[PDB]
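Colleague:
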Amino acid sequence: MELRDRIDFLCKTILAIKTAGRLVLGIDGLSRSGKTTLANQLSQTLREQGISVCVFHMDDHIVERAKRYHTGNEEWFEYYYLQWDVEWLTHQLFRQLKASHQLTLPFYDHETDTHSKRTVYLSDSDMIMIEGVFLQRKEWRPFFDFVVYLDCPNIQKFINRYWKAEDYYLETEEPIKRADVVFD
Ligand SMILES: [Ca+2]
């Protein structure tokens, strides 16, 4: 259609990047921007081009409700700073992307609000693709070779948690300016 052509163009762009070992790609975008769908379709297209791709979804690696809700802090702060154990992920995931053979991480089950340890093999992957919100925070940035920012255009609660956190991210980290490519 049209989105199909854009995804193909992104794939072409990615296949043109100079590689030196595993290529770490990031798909950064706000909540409900289609990042997850883009990541899956893109990885699929790459595999058909002969590229072995390992995919990570950051929403799988958040903390339990008790640690990101009713903490007493404003919701934007809970969402941006507490929802992810940034330091643990830096140590156990991001720093390991380039050379680790495999990773065993706690995967969050949103329905049961529990975690289970599952293993992901990196082994001979040609590329590692990570999609999620706030991917370009200072702690994780150094570990991405290429980042695409997906730019997309009760209410009070949504504003409190999502809108304010997003505004904080945009103003403090300038993800749109930092991105290697902006998928509009
Ligand atoms: Ca393999």
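As numbered in the authors' numbering, residues 1 to 153, 168 to 198 make up the sequence shown, in order.
Idealized CB from N, CA, C, for every residue including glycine.
Taking only heavy atoms of ligand 1 into account, decide whether any of them is closer than 8 Å to the Cβ of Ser100.
Modeller: Outside the cutoff, so no.
Colleague: Once you ignore the five residues that flank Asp145 on each side, which residues in its own chain have a CB closer than 6 Å to its CB?
Modeller: Excluding positions up to five away in sequence, the list reads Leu23, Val24.
Colleague: Looking at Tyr80 and ligand 1, is the gap between the Cβ and the nearest heavy atom below 8 Å?
Modeller: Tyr80: no, Cβ never under 8 Å from ligand 1.
Colleague: Leaving out the 5 sequence neighbours to the left and right, which residues in its chain are closer than 7 Å to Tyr183 when beta-carbon positions are compared?
Modeller: For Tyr183, where only same-chain residues beyond five positions count, the Cβ hits under 7 Å are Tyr80, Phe134, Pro189.
Colleague: Report all residues from its chain with a CB closer than 8 Å to the CB of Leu42; omit the five preceding and five following residues, and keep chain order.
Modeller: Answer for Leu42: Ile7, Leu10, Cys11, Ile14, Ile27, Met129, listed in chain order.
Colleague: DSSP on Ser100, reduced to helix/strand/coil?
Modeller: Coil.
Colleague: What would DSSP say about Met1, mapped onto helix, strand or coil?
Modeller: Note: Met1 maps to coil in three-state DSSP.
Colleague: DSSP has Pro106 in a bridge; who is on the other side?
Modeller: DSSP lists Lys117 as partners of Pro106.
Colleague: Which residues does DSSP list as the beta-bridge partners of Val195?
Modeller: For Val195, which the question treats as bridged, DSSP gives the partners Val148.
Colleague: In terms of alpha-carbon separation, which member of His61, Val55, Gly72, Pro153 lies closest to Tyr121?
Modeller: Selected option, being the one with the closest Cα: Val55.
Colleague: Output the distance between the C-alpha atoms of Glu180 and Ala39, rounded to the nearest integer angstrom.
Modeller: Approximately 20 Å between the Cα atoms of the pair.
Colleague: Taking only heavy atoms of ligand 1 into account, decide whether any of them is closer than 8 Å to the Cβ of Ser52.
Modeller: Because some heavy atom of ligand 1 lies under 8 Å away, the Cβ of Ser52 counts as near it: yes.
Colleague: Express the C-alpha separation of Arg137 and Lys171 in angstroms, rounding to a whole number.
Modeller: Each residue's alpha carbon lies about 24 Å from the other.
Colleague: Can you name, in chain order, every residue of its own chain whose Cβ lies under 8 Å from the Cβ of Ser123, other than the five neighbours on each side?
Modeller: Excluding positions up to five away in sequence, the list reads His101, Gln102.
Colleague: Just the C-alpha distance for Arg65 and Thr71, rounded to the nearest angstrom, thanks.
Modeller: Computed Cα separation, rounded: 10 Å.
Colleague: Alpha carbon to alpha carbon, how far is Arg32 from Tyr108? Give it in angstroms, no decimals.
Modeller: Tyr108 and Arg32: Cα-Cα distance of roughly 18 Å.
Colleague: Give the straight-line distance between the Cα atoms of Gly21 and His61, rounded to the nearest whole angstrom.
Modeller: If I take the Cα positions, the gap works out to 25 Å.
Colleague: Across which residues does DSSP place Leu25 in a beta bridge pair?
Modeller: Bridge partners of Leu25: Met129, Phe146.
Colleague: My output table needs one value for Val86: the three-state DSSP class, helix, strand or coil.
Modeller: It is helical.
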